[PDB]
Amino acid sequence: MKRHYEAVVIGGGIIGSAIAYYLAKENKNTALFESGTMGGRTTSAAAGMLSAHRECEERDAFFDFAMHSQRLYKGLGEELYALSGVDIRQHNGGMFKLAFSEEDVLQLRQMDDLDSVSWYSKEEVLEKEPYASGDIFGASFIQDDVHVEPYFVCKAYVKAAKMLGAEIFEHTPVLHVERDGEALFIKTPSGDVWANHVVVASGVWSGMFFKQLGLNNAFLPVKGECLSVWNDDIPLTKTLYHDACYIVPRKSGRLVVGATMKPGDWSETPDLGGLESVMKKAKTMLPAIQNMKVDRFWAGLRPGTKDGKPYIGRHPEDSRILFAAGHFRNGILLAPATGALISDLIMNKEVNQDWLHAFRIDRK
């Protein structure tokens, strides 16, 4: 460990990893501190859908940033693979947003006008995925709402960063950021470090730093419980989606299935009721999944915010301190765009101003 770095990233989930990579690409002398292991928390629980077309939202700055981050994924695997040897495991099968009611059709067809989205009838869906529940009314088909394996996106980024010269310290919690001196300094159990810039990327645990730094931004965990099966019997290429729940086909023959929404619950292992409700929901979407062998079960804490958007930007009173946290259901999608934005801000480059405003810290 050195005394000084030009930039310091606090937290080693996917968000922190992207930032570290993107700073090291700019040849900034960078260090990242992580409590446990890289990707060991909410990043590991994640399904890895790169879904910008959710929750079929309004067309705002949040959506453009999503579409943009989705674009940045196009050569990302190849880019990071060349430097890290780590494959992010990209699957380009696409997505069916299923409908089970007339009200479902109606709401989904409010997107048909986007060029990426077309509408399929009951018959047209089943032509492509015969095992989709027979009770469906049709589906929104999205070509670009693909997926990746979040753990490995995280490992590709951090490995790539190391190779570009970044310093990674696992098992090193940051206890405090200060704040007063000419330079910033951070305290660890292995002693202190000085920095020209500090990025807080500690997901749902980021409140500590906000408060240490005179800010009242709070985070609310929303726990999500998932499970996986082995699909040894059925063809399934497209991700099936309904009402925030999903069945995601992996390149291994596993299906990733989720998920519960449990606000205020900080626990990181599934309880019995959670898994039960996930299993019940999955069968309505793909009946054949009931005969599939269970593989793993797990949970993770989505980092919730008061308005549901992340905080990505400078401390309103100190340009040296940045935050990148609060990616609720979409931290995997947004990881590259978050990483690029943070890096550009630190380099004093000019950034999209709608994005700066949307994810600013001081939102009154």
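One rule holds for the numbers: they count along the sequence shown, beginning at 1.
Asks: Test of understanding: from the entry's C-alpha B-factors, which stretch has the higher mean, 295-303 or 315-323?
Replies: Higher of the two, by average CA B-factor, is 315-323.
Asks: Mean CA temperature factor from the deposited coordinates, higher in 198-206 or in 281-289?
Replies: Looking at the recorded C-alpha B-factors, 281-289 comes out higher on average.
Asks: Which one, 87, 167, 145, 170, has the peak C-alpha temperature factor per the PDB entry?
Replies: Reading the PDB entry, the winner on C-alpha B-factor is 145.
Asks: Between 121, 267, 217, 252, which carries the biggest CA temperature factor in the record?
Replies: The C-alpha B-factor peaks, among 121, 267, 217, 252, at 121.
Asks: Using the B-factor values recorded in the entry, state whether the Cα atom of residue 133 falls in the lowest, middle or highest third among the modelled residues of its chain.
Replies: For residue 133, the deposited C-alpha B-factor lands in the highest third.
Asks: Split the chain's modelled residues into thirds by Cα B-factor; is residue 73 in the lowest, middle or highest one?
Replies: Middle third.
Asks: C-alpha B factor of residue 258, ranked within the chain: lowest, middle or highest third?
Replies: Lowest third of the chain for residue 258's C-alpha B-factor.
Asks: Once the chain's modelled residues are ordered by C-alpha B factor and cut into thirds, is residue 357 in the lowest, middle or highest one?
Replies: Lowest third - that is where residue 357 ends up once the chain's C-alpha B-factors are sorted.
Asks: State the tercile, meaning the lowest, middle or highest third, of residue 213 with respect to the CA B-factors recorded for its chain.
Replies: Middle third by C-alpha B-factor.
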